[PDB]
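A.B. asks: Turn this into a model:
(one chain, ligands or ions: 1)
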Amino acid sequence: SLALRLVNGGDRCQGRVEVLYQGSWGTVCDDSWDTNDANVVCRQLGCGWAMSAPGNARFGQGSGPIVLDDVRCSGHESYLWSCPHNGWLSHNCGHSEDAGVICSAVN
Ligand SMILES: [Mg+2]
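C.D. replies: Numbering: from 1, shown residues only. The protein structure is shown below:
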């Protein structure tokens with residue numbers, strides 16, 4: 001029912017995090033975004049371990065929905081949406097804060 005991708009990284013294993021929610025791709029706010037969250041993304045995609053969890057539109061800004069904020073993974077989960085989060089749809093954040101990952105399998 002949900003899906004996850006990275007965009008604008010020049011490689012499938014780094015880029016801006018996007019989640020398909022209710023049929024539309026949205027971004028993730030960087031307010032609580034850390035390497036625990038990035039490790040979950042990298043594992044879910046088959047991309048190894050997280051080298052970094054860059055914020056502030058490191059891979060550009062999205063232009064539509066912002067679907068998650070305040071994501072707080074322990075780091076061991078198998079899907080980003082399985083981590084604790086404050087519901088769906090960010091009412092707090094703008095696209096200046098869109099979150100990214102860089103995974104070890106980048107090549
Ligand atoms: Mg977090």
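
A.B. asks: Going by secondary structure, the residue in the chain that the ion sits nearest to is in what exactly?
C.D. replies: Per CB to the ion, residue 32 is where the chain lies closest to the ion, at 3.6 Å. In short, each C-beta sits where N, CA and C put it, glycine included. Counting by DSSP states H and E, no helix or strand carries residue 32.

A.B. asks: which residue ranges form the strands in the chain?
C.D. replies: 3-7, 14-21, 24-28, 50-52, 66-68, 100-103 (DSSP state E).

A.B. asks: The third one: partners in the sheet, and parallel or antiparallel?
C.D. replies: By that I understand strand 24-28. strand 14-21 (antiparallel), strand 66-68 (parallel) (DSSP bridges).

A.B. asks: still on that earlier bit, roughly how far apart are the residue of the chain closest to the ion and residue 97?
C.D. replies: 11 Å (CB to CB, to the nearest Å).

A.B. asks: picking up where we left off before, next, format the strands of the chain as JSON lines and append mean neighbour count and distance to residue 60.
C.D. replies: Formatted as JSON lines, the strands of the chain follow (neighbours: other CB atoms under 10 Å; distance: least, CB to CB, whole Å):
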{"stretch": "strand 3-7", "mean neighbour count": "15", "distance to residue 60": "8"}
{"stretch": "strand 14-21", "mean neighbour count": "21", "distance to residue 60": "6"}
{"stretch": "strand 24-28", "mean neighbour count": "21", "distance to residue 60": "10"}
{"stretch": "strand 50-52", "mean neighbour count": "17", "distance to residue 60": "16"}
{"stretch": "strand 66-68", "mean neighbour count": "24", "distance to residue 60": "14"}
{"stretch": "strand 100-103", "mean neighbour count": "26", "distance to residue 60": "9"}
